[PDB]
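Only one structure is covered here, and it is reproduced in the block below.
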Amino acid sequence: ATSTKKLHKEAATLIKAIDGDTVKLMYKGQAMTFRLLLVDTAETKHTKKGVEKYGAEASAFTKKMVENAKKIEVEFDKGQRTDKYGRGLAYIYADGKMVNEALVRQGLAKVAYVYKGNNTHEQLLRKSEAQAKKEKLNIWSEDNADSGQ
């Protein structure tokens, strides 16, 4: 029937965000480290300054959106529940809103890469990224492909 998509988010409360995608969410009464699946919110691992690709803004938007939302819900797909980091791989939702979409659609988070298991929302994820890429919002506003050489 395809009536029960069972794709309803659910968690409890967000303690605090670490790096946009990595946030400590209190689920079932326990504060576990959650990670936005199929998304990337900042990856400052070069030590340039903190604005090479809206890395500082990525966490800020997700941090303020979660701490301000008051209600956070997570959705675990078929992908691995722990990306070899004992974390909680899944999509983040604030007050019934899509964080991943808002981030990518706004230009704060890009599209991650799941080996297998997590590829259900890969349709909307790629769409939001493409729109931000072609339009060059923020994250995709400094990724000159340089067609040539």
Would you please name the residue that is farthest from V23 (Cα to Cα), looking only at residues in segment 91-125 that are charged (D, E, K, R) and loosely packed, with under 14 Cβ neighbours inside 10 Å?
-> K116
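Limited to segment 104-149, what total is found for residues that are outside any loop (DSSP other than H, G, I, E, B), closer than 22 Å to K78 by Cα and of a type outside the set (G, A, S)? If you could, list the steps in order and put the result at the bottom.
We begin by selecting, within segment 104-149, every residue outside any loop (DSSP other than H, G, I, E, B); these are 104-106, 110, 122-135.
Subsequent filtering for residues that are closer than 22 Å to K78 by Cα retains 104, 110, 122-129.
From the residues that got through so far, the ones that are of a type outside the set (G, A, S) too are 104, 110, 122-127, 129.
The number of residues fulfilling the criteria is 9.
All Cβ positions, even for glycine, are placed from backbone atoms using ideal geometry, and neighbour counts span all protein chains on display. Laboratory data are not the source of any read-out in this text; all were calculated from the coordinates shown.
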